[PDB]
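**Q** Turn this into a structure:
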Amino acid sequence: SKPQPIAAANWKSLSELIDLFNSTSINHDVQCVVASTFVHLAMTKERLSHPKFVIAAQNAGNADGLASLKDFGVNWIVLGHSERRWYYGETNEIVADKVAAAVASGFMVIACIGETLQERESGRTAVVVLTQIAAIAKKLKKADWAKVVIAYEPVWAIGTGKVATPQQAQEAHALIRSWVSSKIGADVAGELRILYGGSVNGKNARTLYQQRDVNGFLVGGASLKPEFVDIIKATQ
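**A** Numbering: from 1, shown residues only. See below for the structure:
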């Protein structure tokens, strides 16, 4: 069956939100995550209190970086986000290096991966995707898998208002999951969370969650809205 769902907020007034969250009742087992920017990290660190919520940093690579975050008491990290890869020019190899560094340092990690409008049109989604992951996996250990979460988000669906169809997410999630099953393990694979990210809103969410291989979400825009709750609520 499904592993624990995950609803993660990617924070690209906030306190009015944490207030909401904080006063919200989450009945089921789901792990909530609010990734924030270094600036709001302290805010969020104090204000956020819902026992079902954690905070995660963003592309905080470095040895010392890692250490302080931890020390600061930050245990989750978002790595390989399109922003990173695009504006910062991080390569799969680079992404992987960071992921492996996070993991060795105890972080829980959300490694992001996903294909462009172009790569998609050309029908190169599996190549691309398998490739991204095979870069990370190569640096991991079967054991390390216990700390990694994969976020699948088609670049063209990020903030464009263009969600994948439940079939596209499913299909992709499925291949991700199959490659892991085969290459890593079946046991690694079946315990693995593969989130969908890319234009998720409290409206489309349920339909997305329902797919066999979707384990949650990674939400930018609607995670700045009160509907983030409707979002978390769908992971049930």
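**Q** mind checking how far residue 133 is from residue 210?
**A** 24 Å (CB to CB, to the nearest Å). C-beta coordinates here come from the backbone N, C-alpha and C atoms, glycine included.
**Q** The two: who's more crowded?
**A** Using other CB atoms under 10 Å, the more surrounded residue of residue 133 and residue 210 is residue 133, with 23 against 11.
**Q** just checking, the more buried one touches residue 150?
**A** Yes - counting by CB atoms under 8 Å, residue 150 is a contact partner of residue 133 at 7.1 Å.
**Q** Now for these two: what residues contact both?
**A** Counting by CB atoms under 8 Å, 6 or more residues apart in numbering, the contacts common to residue 133 and residue 150 are 113, 176.
**Q** need the contact list for residue 92.
**A** 131-132, 135-136.
**Q** Weed out the non-buried ones from the residues you listed.
**A** The neighbour-count criterion (16 or more other CB atoms under 10 Å) marks 132, 135-136 among the contacts of residue 92 as buried.
**Q** Looking at those, which is nearest residue 1?
**A** residue 136 (25.4 Å; CB to CB).
**Q** quick one on the thing from earlier: could you point out which of the buried ones among the contacts of residue 92 is nearest to residue 52?
**A** residue 136 (27.4 Å).
**Q** Not counting residues beside it along the chain, what's closest to the closest one?
**A** residue 96 (4.4 Å; CB to CB, 6 or more residues apart in numbering).
**Q** tell me the contacts of the one you found?
**A** Contacts of residue 96 by CB under 8 Å, 6+ apart are 135-136, 138-139.
**Q** Go through stretch 109-124 and flag the buried ones.
**A** 109-116, 119-120.
**Q** Then stretch 39-49?
**A** 40-41, 44, 48.
**Q** Just the C-alpha atoms of it, please, in PDB.
**A** Output of stretch 39-49 as PDB, limited to C-alpha atoms (Å, rounded to 0.1, in the frame of the first residue of the first chain):
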ATOM      1  CA  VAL A  39      15.400  34.900   5.400                       C
ATOM      2  CA  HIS A  40      12.200  33.300   6.700                       C
ATOM      3  CA  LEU A  41      13.900  30.400   8.100                       C
ATOM      4  CA  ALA A  42      14.100  31.900  11.600                       C
ATOM      5  CA  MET A  43      10.600  33.200  11.500                       C
ATOM      6  CA  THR A  44       9.200  29.900  10.500                       C
ATOM      7  CA  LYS A  45      11.400  28.200  12.900                       C
ATOM      8  CA  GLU A  46       9.800  29.900  15.900                       C
ATOM      9  CA  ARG A  47       6.200  30.400  14.800                       C
ATOM     10  CA  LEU A  48       5.400  27.000  13.200                       C
ATOM     11  CA  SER A  49       4.300  24.500  15.700                       C
END
